[PDB]
file work06.pdb (PDB, C-alpha atoms)
ATOM      1  CA  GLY A  18     -15.867  10.049  -5.789  1.00  0.00           C
ATOM      2  CA  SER A  19     -16.855  12.396  -8.612  1.00  0.00           C
ATOM      3  CA  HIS A  20     -13.400  14.019  -8.619  1.00  0.00           C
ATOM      4  CA  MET A  21     -11.485  10.697  -8.597  1.00  0.00           C
ATOM      5  CA  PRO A  22      -9.841   9.420 -11.823  1.00  0.00           C
ATOM      6  CA  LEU A  23     -12.360   6.626 -12.442  1.00  0.00           C
ATOM      7  CA  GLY A  24     -15.306   8.615 -11.129  1.00  0.00           C
ATOM      8  CA  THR A  25     -18.086   7.310  -8.947  1.00  0.00           C
ATOM      9  CA  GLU A  26     -18.452   3.964 -10.743  1.00  0.00           C
ATOM     10  CA  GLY A  27     -14.936   2.711 -11.585  1.00  0.00           C
ATOM     11  CA  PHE A  28     -14.792   3.716 -15.249  1.00  0.00           C
ATOM     12  CA  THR A  29     -14.697   6.713 -17.517  1.00  0.00           C
ATOM     13  CA  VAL A  30     -14.967   7.318 -21.259  1.00  0.00           C
ATOM     14  CA  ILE A  31     -12.720   9.948 -22.894  1.00  0.00           C
ATOM     15  CA  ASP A  32     -12.033  11.492 -26.267  1.00  0.00           C
ATOM     16  CA  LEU A  33      -8.589  10.675 -27.719  1.00  0.00           C
ATOM     17  CA  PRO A  34      -6.160  13.114 -29.348  1.00  0.00           C
ATOM     18  CA  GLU A  35      -5.499  12.747 -33.058  1.00  0.00           C
ATOM     19  CA  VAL A  36      -3.091   9.905 -33.765  1.00  0.00           C
ATOM     20  CA  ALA A  37      -0.113  10.025 -36.125  1.00  0.00           C
ATOM     21  CA  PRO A  38      -0.718   9.192 -39.814  1.00  0.00           C
ATOM     22  CA  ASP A  39       1.194   5.884 -39.805  1.00  0.00           C
ATOM     23  CA  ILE A  40      -0.924   4.373 -37.023  1.00  0.00           C
ATOM     24  CA  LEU A  41      -4.135   3.380 -38.827  1.00  0.00           C
ATOM     25  CA  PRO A  42      -2.297   1.865 -41.862  1.00  0.00           C
ATOM     26  CA  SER A  43      -0.187  -0.296 -39.499  1.00  0.00           C
ATOM     27  CA  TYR A  44      -3.344  -2.318 -38.770  1.00  0.00           C
ATOM     28  CA  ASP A  45      -3.096  -3.632 -42.335  1.00  0.00           C
ATOM     29  CA  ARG A  46       0.238  -5.318 -41.464  1.00  0.00           C
ATOM     30  CA  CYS A  47      -0.856  -7.053 -38.231  1.00  0.00           C
ATOM     31  CA  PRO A  48      -0.549 -10.843 -38.609  1.00  0.00           C
ATOM     32  CA  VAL A  49      -3.529 -13.085 -37.954  1.00  0.00           C
ATOM     33  CA  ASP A  50      -4.057 -14.153 -34.328  1.00  0.00           C
ATOM     34  CA  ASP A  51      -3.501 -17.932 -34.416  1.00  0.00           C
ATOM     35  CA  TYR A  52      -4.779 -18.430 -30.827  1.00  0.00           C
ATOM     36  CA  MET A  53      -8.323 -17.071 -31.008  1.00  0.00           C
ATOM     37  CA  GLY A  54     -11.026 -15.668 -33.245  1.00  0.00           C
ATOM     38  CA  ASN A  55     -11.164 -18.209 -36.096  1.00  0.00           C
ATOM     39  CA  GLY A  56      -9.200 -16.001 -38.457  1.00  0.00           C
ATOM     40  CA  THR A  57     -11.069 -12.781 -37.674  1.00  0.00           C
ATOM     41  CA  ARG A  58      -8.472 -11.244 -35.339  1.00  0.00           C
ATOM     42  CA  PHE A  59      -5.078  -9.779 -36.247  1.00  0.00           C
ATOM     43  CA  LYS A  60      -2.793  -8.635 -33.494  1.00  0.00           C
ATOM     44  CA  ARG A  61       0.611  -7.367 -32.425  1.00  0.00           C
ATOM     45  CA  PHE A  62       1.863  -7.024 -28.865  1.00  0.00           C
ATOM     46  CA  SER A  63       4.495  -5.059 -26.951  1.00  0.00           C
ATOM     47  CA  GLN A  64       5.225  -4.500 -23.240  1.00  0.00           C
ATOM     48  CA  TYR A  65       6.891  -1.603 -21.436  1.00  0.00           C
ATOM     49  CA  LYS A  66       8.295  -1.014 -17.990  1.00  0.00           C
ATOM     50  CA  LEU A  67       7.278   2.440 -16.805  1.00  0.00           C
ATOM     51  CA  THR A  68       9.419   4.001 -14.065  1.00  0.00           C
ATOM     52  CA  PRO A  69       8.825   7.306 -12.212  1.00  0.00           C
ATOM     53  CA  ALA A  70      11.649   9.649 -13.171  1.00  0.00           C
ATOM     54  CA  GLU A  71      12.943  13.244 -12.814  1.00  0.00           C
ATOM     55  CA  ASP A  72      10.347  15.892 -11.930  1.00  0.00           C
ATOM     56  CA  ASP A  73       7.000  14.260 -12.780  1.00  0.00           C
ATOM     57  CA  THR A  74       8.125  12.336 -15.845  1.00  0.00           C
ATOM     58  CA  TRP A  75       7.880   8.620 -16.532  1.00  0.00           C
ATOM     59  CA  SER A  76      10.765   6.702 -18.068  1.00  0.00           C
ATOM     60  CA  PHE A  77       9.823   3.702 -20.205  1.00  0.00           C
ATOM     61  CA  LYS A  78      11.698   0.744 -21.639  1.00  0.00           C
ATOM     62  CA  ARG A  79      10.221  -1.727 -24.111  1.00  0.00           C
ATOM     63  CA  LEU A  80      10.671  -5.326 -22.988  1.00  0.00           C
ATOM     64  CA  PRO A  81      12.479  -7.905 -25.153  1.00  0.00           C
ATOM     65  CA  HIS A  82      10.203  -9.999 -27.377  1.00  0.00           C
ATOM     66  CA  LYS A  89      12.277 -27.635 -19.179  1.00  0.00           C
ATOM     67  CA  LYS A  90      14.437 -30.638 -18.225  1.00  0.00           C
ATOM     68  CA  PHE A  91      11.796 -32.141 -15.896  1.00  0.00           C
ATOM     69  CA  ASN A  92       8.021 -32.479 -15.490  1.00  0.00           C
ATOM     70  CA  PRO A  93       6.945 -29.086 -14.075  1.00  0.00           C
ATOM     71  CA  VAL A  94       4.612 -28.910 -11.092  1.00  0.00           C
ATOM     72  CA  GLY A  95       3.433 -25.391 -11.932  1.00  0.00           C
ATOM     73  CA  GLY A  96       3.881 -22.696 -14.523  1.00  0.00           C
ATOM     74  CA  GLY A  97       2.251 -20.675 -17.247  1.00  0.00           C
ATOM     75  CA  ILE A  98       1.592 -21.052 -20.949  1.00  0.00           C
ATOM     76  CA  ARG A  99       1.820 -17.760 -22.845  1.00  0.00           C
ATOM     77  CA  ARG A 100       0.990 -16.695 -26.394  1.00  0.00           C
ATOM     78  CA  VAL A 101       3.706 -15.404 -28.717  1.00  0.00           C
ATOM     79  CA  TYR A 102       2.987 -12.394 -30.945  1.00  0.00           C
ATOM     80  CA  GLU A 103       5.132 -10.171 -33.134  1.00  0.00           C
ATOM     81  CA  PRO A 104       6.042  -6.745 -31.711  1.00  0.00           C
ATOM     82  CA  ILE A 105       4.066  -3.621 -32.472  1.00  0.00           C
ATOM     83  CA  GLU A 106       5.776  -1.558 -35.196  1.00  0.00           C
ATOM     84  CA  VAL A 107       4.404   1.915 -34.373  1.00  0.00           C
ATOM     85  CA  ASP A 108       4.375   4.206 -31.338  1.00  0.00           C
ATOM     86  CA  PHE A 109       1.427   3.962 -28.941  1.00  0.00           C
ATOM     87  CA  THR A 110       3.263   5.733 -26.123  1.00  0.00           C
ATOM     88  CA  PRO A 111       1.136   8.906 -26.711  1.00  0.00           C
ATOM     89  CA  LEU A 112      -1.930   6.794 -25.868  1.00  0.00           C
ATOM     90  CA  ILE A 113      -0.128   5.322 -22.848  1.00  0.00           C
ATOM     91  CA  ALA A 114       0.519   8.952 -21.855  1.00  0.00           C
ATOM     92  CA  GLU A 115      -3.219   9.661 -22.086  1.00  0.00           C
ATOM     93  CA  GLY A 116      -3.890   6.703 -19.764  1.00  0.00           C
ATOM     94  CA  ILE A 117      -1.243   7.870 -17.281  1.00  0.00           C
ATOM     95  CA  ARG A 118      -2.804  11.342 -16.983  1.00  0.00           C
ATOM     96  CA  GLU A 119      -6.408  10.139 -16.732  1.00  0.00           C
ATOM     97  CA  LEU A 120      -5.621   7.391 -14.203  1.00  0.00           C
ATOM     98  CA  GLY A 121      -3.498   9.715 -12.043  1.00  0.00           C
ATOM     99  CA  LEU A 122      -1.172   6.721 -12.143  1.00  0.00           C
ATOM    100  CA  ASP A 123       0.468   6.208  -8.771  1.00  0.00           C
ATOM    101  CA  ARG A 124       4.141   7.271  -8.879  1.00  0.00           C
ATOM    102  CA  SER A 125       5.263   5.258  -5.839  1.00  0.00           C
ATOM    103  CA  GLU A 126       6.597   2.358  -7.951  1.00  0.00           C
ATOM    104  CA  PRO A 127       7.172   1.276 -11.565  1.00  0.00           C
ATOM    105  CA  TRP A 128       4.445  -0.231 -13.714  1.00  0.00           C
ATOM    106  CA  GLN A 129       4.126  -2.881 -16.398  1.00  0.00           C
ATOM    107  CA  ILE A 130       2.295  -1.590 -19.483  1.00  0.00           C
ATOM    108  CA  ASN A 131       0.898  -4.242 -21.860  1.00  0.00           C
ATOM    109  CA  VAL A 132      -0.119  -2.954 -25.303  1.00  0.00           C
ATOM    110  CA  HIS A 133      -2.318  -5.077 -27.607  1.00  0.00           C
ATOM    111  CA  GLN A 134      -2.807  -3.717 -31.129  1.00  0.00           C
ATOM    112  CA  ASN A 135      -5.917  -5.614 -32.279  1.00  0.00           C
ATOM    113  CA  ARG A 136      -7.865  -5.606 -35.536  1.00  0.00           C
ATOM    114  CA  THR A 137     -11.113  -7.606 -35.726  1.00  0.00           C
ATOM    115  CA  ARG A 138     -12.565  -8.244 -39.186  1.00  0.00           C
ATOM    116  CA  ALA A 139     -16.249  -8.948 -39.756  1.00  0.00           C
ATOM    117  CA  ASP A 140     -18.086 -10.013 -42.923  1.00  0.00           C
ATOM    118  CA  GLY A 141     -21.493 -11.192 -44.068  1.00  0.00           C
ATOM    119  CA  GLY A 142     -22.317 -14.319 -42.081  1.00  0.00           C
ATOM    120  CA  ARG A 143     -18.926 -14.176 -40.331  1.00  0.00           C
ATOM    121  CA  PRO A 144     -18.984 -12.081 -37.150  1.00  0.00           C
ATOM    122  CA  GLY A 145     -15.805 -11.090 -35.361  1.00  0.00           C
ATOM    123  CA  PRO A 146     -15.863 -12.336 -31.780  1.00  0.00           C
ATOM    124  CA  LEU A 147     -14.182 -10.154 -29.189  1.00  0.00           C
ATOM    125  CA  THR A 148     -14.890 -11.992 -25.890  1.00  0.00           C
ATOM    126  CA  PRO A 149     -15.939 -15.547 -26.824  1.00  0.00           C
ATOM    127  CA  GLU A 150     -15.144 -16.531 -23.237  1.00  0.00           C
ATOM    128  CA  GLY A 151     -17.798 -14.104 -21.952  1.00  0.00           C
ATOM    129  CA  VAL A 152     -17.504 -11.888 -18.892  1.00  0.00           C
ATOM    130  CA  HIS A 153     -14.013 -11.820 -17.362  1.00  0.00           C
ATOM    131  CA  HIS A 154     -11.292  -9.757 -15.739  1.00  0.00           C
ATOM    132  CA  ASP A 155      -8.106  -9.147 -17.708  1.00  0.00           C
ATOM    133  CA  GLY A 156      -6.032  -9.569 -14.554  1.00  0.00           C
ATOM    134  CA  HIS A 157      -4.677  -6.038 -14.313  1.00  0.00           C
ATOM    135  CA  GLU A 158      -5.235  -3.061 -12.067  1.00  0.00           C
ATOM    136  CA  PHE A 159      -6.404  -0.740 -14.870  1.00  0.00           C
ATOM    137  CA  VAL A 160      -7.386  -1.397 -18.487  1.00  0.00           C
ATOM    138  CA  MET A 161      -7.754   1.177 -21.261  1.00  0.00           C
ATOM    139  CA  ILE A 162      -9.527   0.220 -24.496  1.00  0.00           C
ATOM    140  CA  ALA A 163      -9.049   2.793 -27.254  1.00  0.00           C
ATOM    141  CA  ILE A 164     -11.103   2.643 -30.457  1.00  0.00           C
ATOM    142  CA  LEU A 165      -8.974   3.915 -33.346  1.00  0.00           C
ATOM    143  CA  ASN A 166     -10.879   2.908 -36.488  1.00  0.00           C
ATOM    144  CA  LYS A 167     -14.264   1.458 -37.470  1.00  0.00           C
ATOM    145  CA  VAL A 168     -15.055   0.704 -41.136  1.00  0.00           C
ATOM    146  CA  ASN A 169     -18.435  -0.817 -42.106  1.00  0.00           C
ATOM    147  CA  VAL A 170     -19.138  -2.488 -38.767  1.00  0.00           C
ATOM    148  CA  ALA A 171     -21.818  -2.724 -36.106  1.00  0.00           C
ATOM    149  CA  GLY A 172     -21.753  -4.491 -32.773  1.00  0.00           C
ATOM    150  CA  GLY A 173     -18.636  -4.139 -30.660  1.00  0.00           C
ATOM    151  CA  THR A 174     -20.558  -2.926 -27.608  1.00  0.00           C
ATOM    152  CA  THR A 175     -18.458  -2.792 -24.448  1.00  0.00           C
ATOM    153  CA  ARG A 176     -20.291  -3.902 -21.309  1.00  0.00           C
ATOM    154  CA  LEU A 177     -19.195  -3.575 -17.668  1.00  0.00           C
ATOM    155  CA  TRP A 178     -20.424  -5.933 -14.960  1.00  0.00           C
ATOM    156  CA  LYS A 179     -20.327  -5.898 -11.192  1.00  0.00           C
ATOM    157  CA  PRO A 180     -18.803  -9.163  -9.930  1.00  0.00           C
ATOM    158  CA  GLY A 181     -21.592 -11.662  -9.362  1.00  0.00           C
ATOM    159  CA  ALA A 182     -24.169  -9.658 -11.333  1.00  0.00           C
ATOM    160  CA  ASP A 183     -26.564 -11.242 -13.819  1.00  0.00           C
ATOM    161  CA  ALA A 184     -26.504  -8.319 -16.268  1.00  0.00           C
ATOM    162  CA  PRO A 185     -24.189  -5.421 -17.123  1.00  0.00           C
ATOM    163  CA  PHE A 186     -24.763  -2.216 -15.249  1.00  0.00           C
ATOM    164  CA  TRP A 187     -23.252  -0.178 -18.093  1.00  0.00           C
ATOM    165  CA  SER A 188     -23.164  -0.646 -21.844  1.00  0.00           C
ATOM    166  CA  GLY A 189     -21.687   1.561 -24.556  1.00  0.00           C
ATOM    167  CA  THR A 190     -20.756   1.265 -28.245  1.00  0.00           C
ATOM    168  CA  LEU A 191     -17.531   3.249 -28.435  1.00  0.00           C
ATOM    169  CA  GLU A 192     -16.613   4.888 -31.742  1.00  0.00           C
ATOM    170  CA  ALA A 193     -13.275   5.758 -33.313  1.00  0.00           C
ATOM    171  CA  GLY A 194     -11.595   8.433 -31.225  1.00  0.00           C
ATOM    172  CA  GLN A 195     -12.997   7.233 -27.888  1.00  0.00           C
ATOM    173  CA  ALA A 196     -11.430   5.180 -25.121  1.00  0.00           C
ATOM    174  CA  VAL A 197     -12.794   3.586 -21.964  1.00  0.00           C
ATOM    175  CA  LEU A 198     -10.603   3.227 -18.872  1.00  0.00           C
ATOM    176  CA  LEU A 199     -11.792   0.824 -16.233  1.00  0.00           C
ATOM    177  CA  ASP A 200     -11.026  -0.603 -12.822  1.00  0.00           C
ATOM    178  CA  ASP A 201     -10.191  -4.081 -14.107  1.00  0.00           C
ATOM    179  CA  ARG A 202     -10.368  -5.493 -10.529  1.00  0.00           C
ATOM    180  CA  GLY A 203     -13.681  -4.138  -9.284  1.00  0.00           C
ATOM    181  CA  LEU A 204     -15.389  -4.471 -12.675  1.00  0.00           C
ATOM    182  CA  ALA A 205     -15.579  -7.293 -15.186  1.00  0.00           C
ATOM    183  CA  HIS A 206     -16.228  -6.836 -18.882  1.00  0.00           C
ATOM    184  CA  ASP A 207     -17.319  -8.388 -22.132  1.00  0.00           C
ATOM    185  CA  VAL A 208     -17.957  -7.036 -25.636  1.00  0.00           C
ATOM    186  CA  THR A 209     -20.549  -7.989 -28.236  1.00  0.00           C
ATOM    187  CA  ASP A 210     -19.395  -9.464 -31.552  1.00  0.00           C
ATOM    188  CA  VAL A 211     -18.248  -7.162 -34.372  1.00  0.00           C
ATOM    189  CA  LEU A 212     -20.776  -7.399 -37.220  1.00  0.00           C
ATOM    190  CA  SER A 213     -20.649  -6.516 -40.896  1.00  0.00           C
ATOM    191  CA  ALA A 214     -22.672  -3.328 -41.315  1.00  0.00           C
ATOM    192  CA  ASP A 215     -23.828  -4.075 -44.875  1.00  0.00           C
ATOM    193  CA  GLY A 216     -22.918  -7.740 -45.447  1.00  0.00           C
ATOM    194  CA  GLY A 217     -19.516  -6.784 -46.871  1.00  0.00           C
ATOM    195  CA  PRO A 218     -16.071  -6.872 -45.256  1.00  0.00           C
ATOM    196  CA  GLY A 219     -15.447  -4.568 -42.310  1.00  0.00           C
ATOM    197  CA  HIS A 220     -13.070  -4.118 -39.428  1.00  0.00           C
ATOM    198  CA  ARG A 221     -12.639  -2.554 -35.991  1.00  0.00           C
ATOM    199  CA  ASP A 222      -9.156  -1.377 -35.008  1.00  0.00           C
ATOM    200  CA  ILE A 223      -8.377  -0.934 -31.305  1.00  0.00           C
ATOM    201  CA  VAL A 224      -5.512  -0.835 -28.836  1.00  0.00           C
ATOM    202  CA  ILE A 225      -5.772  -2.240 -25.324  1.00  0.00           C
ATOM    203  CA  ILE A 226      -3.365  -0.742 -22.771  1.00  0.00           C
ATOM    204  CA  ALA A 227      -3.195  -2.622 -19.468  1.00  0.00           C
ATOM    205  CA  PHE A 228      -1.647  -1.250 -16.263  1.00  0.00           C
ATOM    206  CA  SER A 229      -0.245  -3.326 -13.398  1.00  0.00           C
ATOM    207  CA  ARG A 230       2.373  -2.537 -10.770  1.00  0.00           C
ATOM    208  CA  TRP A 231       5.686  -4.011 -11.886  1.00  0.00           C
ATOM    209  CA  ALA A 232       6.476  -5.688  -8.552  1.00  0.00           C
ATOM    210  CA  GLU A 233       3.130  -7.530  -8.637  1.00  0.00           C
ATOM    211  CA  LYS A 234       4.065  -9.318 -11.894  1.00  0.00           C
ATOM    212  CA  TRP A 235       7.845  -9.594 -11.393  1.00  0.00           C
TER     213      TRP A 235
END

call {"tool": "encode", "arguments": {"input": "work06.pdb", "output": "structure tokens"}}
result
Amino acid sequence: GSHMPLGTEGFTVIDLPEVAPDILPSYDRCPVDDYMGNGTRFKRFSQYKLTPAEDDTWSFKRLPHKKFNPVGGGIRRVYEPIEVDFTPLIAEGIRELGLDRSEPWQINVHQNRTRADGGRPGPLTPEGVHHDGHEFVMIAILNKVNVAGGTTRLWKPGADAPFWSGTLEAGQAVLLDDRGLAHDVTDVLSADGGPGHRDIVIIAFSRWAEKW
């Protein structure tokens, strides 16, 4: 519905509050992502457990950073922790989502910089259209210097084309039903052939008990 947190279509775009002065410079100290992006992505990562507390507050706690042939399991990436405070942006997501207070939540925070340059685009979703595997996903654009591209696109499952497309700018975020909608994003491109970058933070919401 039109009054529901994600509107009629399962997503909404919002303006962000001003962020603290140490946040944008911290992107300069994000190490290169060795798992993806051919040297164009730089990333830090932190996770939080979010627990409903006194009144209508949320308590959070930041999470800490085989002898046989396994039959099943997972392979995970290892990234350095985030060094700054994105909990104000988590707070924005909590309000906008009307996050359900009946149980605690896992909050995954990806601080991502993608660099582009002449003849060297910065891929964001080389795998194409996908789900992140969470209930809700928030993508907040914090800084864009000398770039084009980076167009977020939302897809109905099974559809041949996106039903919504938007090139978010610094100061905007999109929040999306990461189950009902899939997504991809067009490459980040150098705006004038010179170096450029696009600084974002992805904040993913899943019920704690569903992942632990």

call {"tool": "residues_around", "arguments": {"input": "work06.pdb", "residues": "residue 30 in chain A", "least_positions_apart": "2", "cutoff": "10 Å", "atoms": "all atoms listed in the file", "output": "list in words"}}
result
residues 23, 28, 32, 33, 161, 162, 163, 189, 191, 195, 196, 197, 198 and 199 of chain A

call {"tool": "resolve_selection", "arguments": {"input": "work06.pdb", "expression": "the PyMOL selection byres ((chain A and resi 118) around 12)", "output": "PyMOL selection string"}}
result
chain A and resi 22-23+31+73-75+111-117+119-124+198

call {"tool": "closest_residue", "arguments": {"input": "work06.pdb", "among": "A:190, A:63, A:125, A:76", "to": "residue 227 in chain A", "atoms": "all atoms listed in the file"}}
result
A:63

call {"tool": "resolve_selection", "arguments": {"input": "work06.pdb", "expression": "the PyMOL selection byres ((chain A and resi 151) around 12)", "output": "list in words"}}
result
residues 146, 147, 148, 149, 150, 152, 153, 154, 155, 175, 176, 177, 178, 184, 185, 205, 206, 207, 208, 209 and 210 of chain A

call {"tool": "closest_residue", "arguments": {"input": "work06.pdb", "among": "A:171, A:53, A:130, A:105", "to": "residue 218 in chain A", "atoms": "only C-alpha atoms"}}
result
A:171

call {"tool": "resolve_selection", "arguments": {"input": "work06.pdb", "expression": "the PyMOL selection byres ((chain A and resi 136-142) around 12)", "output": "compact mmCIF listing (two decimals) with C-alpha atoms, keeping the file's coordinate frame"}}
result
# COMPACT_ATOMS: atom_id res chain seq x y z
CA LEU A 41 -4.14 3.38 -38.83
CA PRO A 42 -2.30 1.86 -41.86
CA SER A 43 -0.19 -0.30 -39.50
CA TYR A 44 -3.34 -2.32 -38.77
CA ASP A 45 -3.10 -3.63 -42.34
CA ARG A 46 0.24 -5.32 -41.46
CA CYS A 47 -0.86 -7.05 -38.23
CA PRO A 48 -0.55 -10.84 -38.61
CA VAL A 49 -3.53 -13.08 -37.95
CA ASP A 50 -4.06 -14.15 -34.33
CA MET A 53 -8.32 -17.07 -31.01
CA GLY A 54 -11.03 -15.67 -33.24
CA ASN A 55 -11.16 -18.21 -36.10
CA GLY A 56 -9.20 -16.00 -38.46
CA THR A 57 -11.07 -12.78 -37.67
CA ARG A 58 -8.47 -11.24 -35.34
CA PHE A 59 -5.08 -9.78 -36.25
CA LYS A 60 -2.79 -8.64 -33.49
CA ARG A 61 0.61 -7.37 -32.42
CA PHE A 62 1.86 -7.02 -28.86
CA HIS A 133 -2.32 -5.08 -27.61
CA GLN A 134 -2.81 -3.72 -31.13
CA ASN A 135 -5.92 -5.61 -32.28
CA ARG A 143 -18.93 -14.18 -40.33
CA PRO A 144 -18.98 -12.08 -37.15
CA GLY A 145 -15.80 -11.09 -35.36
CA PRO A 146 -15.86 -12.34 -31.78
CA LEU A 147 -14.18 -10.15 -29.19
CA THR A 148 -14.89 -11.99 -25.89
CA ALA A 163 -9.05 2.79 -27.25
CA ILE A 164 -11.10 2.64 -30.46
CA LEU A 165 -8.97 3.92 -33.35
CA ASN A 166 -10.88 2.91 -36.49
CA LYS A 167 -14.26 1.46 -37.47
CA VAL A 168 -15.06 0.70 -41.14
CA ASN A 169 -18.43 -0.82 -42.11
CA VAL A 170 -19.14 -2.49 -38.77
CA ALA A 171 -21.82 -2.72 -36.11
CA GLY A 172 -21.75 -4.49 -32.77
CA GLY A 173 -18.64 -4.14 -30.66
CA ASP A 210 -19.40 -9.46 -31.55
CA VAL A 211 -18.25 -7.16 -34.37
CA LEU A 212 -20.78 -7.40 -37.22
CA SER A 213 -20.65 -6.52 -40.90
CA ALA A 214 -22.67 -3.33 -41.32
CA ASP A 215 -23.83 -4.08 -44.88
CA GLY A 216 -22.92 -7.74 -45.45
CA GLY A 217 -19.52 -6.78 -46.87
CA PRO A 218 -16.07 -6.87 -45.26
CA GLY A 219 -15.45 -4.57 -42.31
CA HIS A 220 -13.07 -4.12 -39.43
CA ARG A 221 -12.64 -2.55 -35.99
CA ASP A 222 -9.16 -1.38 -35.01
CA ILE A 223 -8.38 -0.93 -31.30
CA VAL A 224 -5.51 -0.84 -28.84
CA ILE A 225 -5.77 -2.24 -25.32

call {"tool": "atom_distance", "arguments": {"input": "work06.pdb", "atom1": "CA of residue 96 in chain A", "atom2": "CA of residue 230 in chain A"}}
result
20.6 Å

call {"tool": "residues_near_point", "arguments": {"input": "work06.pdb", "point": "(8.7, -2.6, -27.8)", "cutoff": "7 Å", "atoms": "all atoms listed in the file", "output": "mmCIF file with C-alpha atoms, in the frame of the given file"}}
result
data_model
loop_
_atom_site.group_PDB
_atom_site.id
_atom_site.type_symbol
_atom_site.label_atom_id
_atom_site.label_comp_id
_atom_site.auth_asym_id
_atom_site.auth_seq_id
_atom_site.Cartn_x
_atom_site.Cartn_y
_atom_site.Cartn_z
ATOM 1 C CA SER A 63 4.495 -5.059 -26.951
ATOM 2 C CA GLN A 64 5.225 -4.500 -23.240
ATOM 3 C CA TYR A 65 6.891 -1.603 -21.436
ATOM 4 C CA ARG A 79 10.221 -1.727 -24.111
ATOM 5 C CA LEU A 80 10.671 -5.326 -22.988
ATOM 6 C CA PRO A 104 6.042 -6.745 -31.711
ATOM 7 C CA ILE A 105 4.066 -3.621 -32.472
#

call {"tool": "atom_distance", "arguments": {"input": "work06.pdb", "atom1": "CA of residue 82 in chain A", "atom2": "CA of residue 131 in chain A"}}
result
12.3 Å

call {"tool": "atom_distance", "arguments": {"input": "work06.pdb", "atom1": "CA of residue 128 in chain A", "atom2": "CA of residue 66 in chain A"}}
result
5.8 Å

call {"tool": "closest_residue", "arguments": {"input": "work06.pdb", "among": "A:202, A:99, A:89, A:179", "to": "residue 158 in chain A", "atoms": "all atoms listed in the file"}}
result
A:202

call {"tool": "axis_aligned_box", "arguments": {"input": "work06.pdb", "around": "range 40-56 of chain A", "padding_each_side": "3 Å", "output": "AutoDock Vina command-line options"}}
result
--center_x -5.5 --center_y -7.0 --center_z -36.6 --size_x 17.4 --size_y 28.8 --size_z 17.5

call {"tool": "closest_residue", "arguments": {"input": "work06.pdb", "among": "A:109, A:102, A:52, A:77", "to": "residue 35 in chain A", "atoms": "only C-alpha atoms"}}
result
A:109

call {"tool": "closest_residue", "arguments": {"input": "work06.pdb", "among": "A:34, A:156, A:27, A:95", "to": "residue 204 in chain A", "atoms": "only C-alpha atoms"}}
result
A:27

call {"tool": "closest_residue", "arguments": {"input": "work06.pdb", "among": "A:181, A:228, A:200, A:68", "to": "residue 25 in chain A", "atoms": "only C-alpha atoms"}}
result
A:200

call {"tool": "decode", "arguments": {"input": "work06.pdb", "residues": "range 77-94 of chain A", "atoms": "N, CA and C atoms", "output": "compact mmCIF listing (two decimals), in the first residue's frame"}}
result
# COMPACT_ATOMS: atom_id res chain seq x y z
N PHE A 77 22.39 -2.33 19.90
CA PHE A 77 23.24 -3.03 18.94
C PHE A 77 24.55 -3.46 19.58
N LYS A 78 25.14 -4.47 18.94
CA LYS A 78 26.44 -5.01 19.32
C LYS A 78 27.16 -5.41 18.05
N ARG A 79 28.37 -4.88 17.85
CA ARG A 79 29.15 -5.22 16.67
C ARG A 79 29.74 -6.62 16.83
N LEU A 80 29.63 -7.44 15.79
CA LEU A 80 30.11 -8.81 15.88
C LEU A 80 31.64 -8.87 15.78
N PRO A 81 32.26 -9.85 16.42
CA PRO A 81 33.70 -10.06 16.24
C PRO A 81 34.07 -10.28 14.77
N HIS A 82 35.26 -9.83 14.41
CA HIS A 82 35.76 -9.92 13.04
C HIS A 82 35.95 -11.37 12.61
N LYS A 89 39.00 -27.83 8.97
CA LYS A 89 38.24 -28.99 9.44
C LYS A 89 39.09 -30.27 9.38
N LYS A 90 38.83 -31.20 10.29
CA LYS A 90 39.61 -32.42 10.41
C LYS A 90 39.04 -33.57 9.58
N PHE A 91 38.17 -33.27 8.62
CA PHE A 91 37.57 -34.29 7.77
C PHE A 91 37.14 -33.61 6.46
N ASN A 92 36.65 -34.41 5.52
CA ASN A 92 36.16 -33.88 4.25
C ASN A 92 34.71 -33.46 4.45
N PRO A 93 34.40 -32.16 4.48
CA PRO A 93 33.02 -31.74 4.76
C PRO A 93 32.06 -32.19 3.67
N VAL A 94 30.80 -32.35 4.06
CA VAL A 94 29.74 -32.72 3.13
C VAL A 94 29.01 -31.45 2.71
